[PDB]
Amino acid sequence: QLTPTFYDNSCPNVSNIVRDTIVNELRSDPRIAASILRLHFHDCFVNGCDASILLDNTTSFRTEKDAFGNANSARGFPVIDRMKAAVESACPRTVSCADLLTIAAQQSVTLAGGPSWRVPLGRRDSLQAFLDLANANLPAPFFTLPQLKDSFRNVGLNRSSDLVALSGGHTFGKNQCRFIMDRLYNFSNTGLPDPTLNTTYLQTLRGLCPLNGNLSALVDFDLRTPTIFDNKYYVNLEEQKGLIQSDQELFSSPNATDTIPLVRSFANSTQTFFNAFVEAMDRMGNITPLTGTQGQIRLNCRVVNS
Ligand code: HEM
Ligand SMILES: [Ca+2]
Ligand SMILES: [Ca+2]
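Residue numbers (mature numbering (1 follows the signal peptide of the UniProt record, and there is no 0)): 1 to 306.
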């Protein structure tokens with residue numbers, strides 16, 4: 001069983017060391033908090049939160065960093081290396097990379113203005129990486145609501161609240177033009193934009209992402225508060241201003257009978273959203289963890305101990 005007090009005797013200063021690292025990095029890269037939360041998400045959706053995503057290539061297994069959902073997208077790995085080294089100095093061979101990334105995600109959310117809570121701990125690190133599994137398990141922005149629900153259920157998150165609350169991670173961070181080009185100019189081979197995208201916002205996005213333009217250009221997920229972790233993401237959905245297809249479907253899909261009330265509830269109350277987010281975050285953080293003597297306490301998050 002994972003417990004929030006796991007390091008209270010062996011490394012009481014772990015959370016503060018992680019926080020300090022992120023605070024320092026945010027000065028030069030205001031996107032790092034968002035990037036770190038996403039790393040935890042992509043770690044947990046592939047064989048559980050076991051830091052498998054942090055492993056680099058070996059001749060026996062490929063890195064998850066080359067998965068369609070991570071390649072030229074996932075970022076912040078050097079920052080994780082930095083905090084890991086600092087924690088290793090303070091508490092040698094004690095904190096797993098899996099737990100470190102979990103704490104980093106929570107601290108990132110709090111630093112961005114979100115809720116503050118102590119995440120359950122005790123996870124251990126994987127002995128391998130899973131590229132094929134990452135390609136199969138990571139959801140895509142073009143997924144329909146049924147597909148999004150399928151993706152979450154596949155890893156153990158059955159609740160629509162899990163899906164709606166965790167999607168709130170898009171209250172900050174960036175998204176490449178490539179992922180919305182269809183919504184802007186030719187959605188589902190109709191030769192027309194996605195009808196569920198507010199037409200005024202459609203114009204703004206087309207200006208940022210012109211046809212045949214730079215597909216790697218970055219746009220903000222939340223037009224209201226781009227870097228602040230709050231419930232504005234849901235207010236956007238209510239106005240048909242969700243950035244990617246998967247965002248807007250939570251409110252506009254024909255299969256959204258169960259998600260619409262959740263979107264409204266979170267848009268109506270920060271407290272309601274924050275409570276649901278913490279609850280969902282801990283549930284995601286509880287996906288098939290290695291515990292006890294299973295796996296290792298990786299010294300270098302990029303490679304298995306030898
Ligand atoms: C429901 C399915 C989801 C889909 C299809 C999805 C899709 C995406 C896509 C397309 C990007 C843009 C990547 C890029 O342009 O490089 C992204 C970024 C991001 N996602 Fe999601 N996501 C999902 C769920 C989540 C969840 C559960 C969290 C966290 C709890 C999350 C947190 C983030 C954050 C914070 C960013 C910004 C990262 C950065 O700016 O570096 N996403 N996501
Ligand atoms: Ca993993
Ligand atoms: Ca926001």
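Heads up, the beta-carbon is just placed ideally off N, CA and C, and yes, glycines get one too.
Closest by C-alpha distance to residue i, when choosing among the options
i      : options                           : result
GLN296 : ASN158, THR270, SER52 and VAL109  : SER52
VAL79  : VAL87, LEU250 and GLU25           : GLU25
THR225 : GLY168, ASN255, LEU211 and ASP258 : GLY168
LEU101 : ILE36, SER246, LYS241 and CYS209  : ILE36
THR291 : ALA217, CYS49 and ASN231          : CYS49
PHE6   : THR200, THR94 and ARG27           : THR94
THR171 : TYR233, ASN198, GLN147 and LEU223 : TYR233
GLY122 : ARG178, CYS11, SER253 and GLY242  : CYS11
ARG178 : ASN305, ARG31 and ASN72           : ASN72
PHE77  : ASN305, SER306 and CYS301         : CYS301
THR196 : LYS241, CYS209, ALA33 and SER306  : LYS241
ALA34  : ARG283, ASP222 and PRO4           : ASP222
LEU163 : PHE251, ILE32, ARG31 and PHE68    : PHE251
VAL155 : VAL278, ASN16 and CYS44           : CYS44
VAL235 : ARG31, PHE152, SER269 and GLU88   : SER269
Assumed close pair residue i, residue j - CB separation to whole angstroms, cut-off 8 Å
i      : j      : result
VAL14  : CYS91  : 7 Å
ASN186 : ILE244 : So it is not a contact: roughly 16 Å between Cβ atoms.
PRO115 : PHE274 : 4 Å
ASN9   : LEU133 : The Cβ separation is near 35 Å, so there is no contact.
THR63  : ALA129 : 5 Å
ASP66  : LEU131 : 6 Å
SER161 : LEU54  : At roughly 28 Å, the Cβ-Cβ gap does not stay under 8 Å, so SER161 and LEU54 are not in contact.
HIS42  : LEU138 : 6 Å
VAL219 : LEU208 : 5 Å
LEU157 : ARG283 : 6 Å
Environment of residue i [buried if 16+ CB atoms lie within 10 Å]
i           : result
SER188      : exposed
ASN214      : exposed
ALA98       : buried
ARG298      : buried
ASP29       : exposed
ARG38       : buried
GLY173      : buried
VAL23       : exposed
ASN70       : buried
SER96       : buried
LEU192      : exposed
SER246      : buried
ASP150      : exposed
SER60       : exposed
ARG27       : exposed
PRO146      : exposed
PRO254      : exposed
residue 314 : It is not possible to answer for residue 314, since the shown part of the chain is limited to 1 through 306.
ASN231      : buried
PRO289      : buried
residue 345 : Since the first and last residues shown for the chain are 1 and 306, residue 345 lies out of range.
Residues that residue i bridges to, as DSSP identifies them
i      : result
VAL109 : According to DSSP, which records beta bridges pairwise, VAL109 is partnered with nothing at all.
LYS174 : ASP220
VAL303 : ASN300
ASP125 : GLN296
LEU290 : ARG124
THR3   : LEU121
Cβ-Cβ distance between residue i and residue j below 8 Å
i      : j      : result
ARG124 : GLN294 : yes
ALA165 : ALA280 : yes
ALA112 : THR227 : yes
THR144 : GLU249 : yes
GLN107 : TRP117 : no
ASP56  : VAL303 : yes
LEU2   : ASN286 : yes
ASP194 : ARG206 : no
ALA74  : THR21  : no
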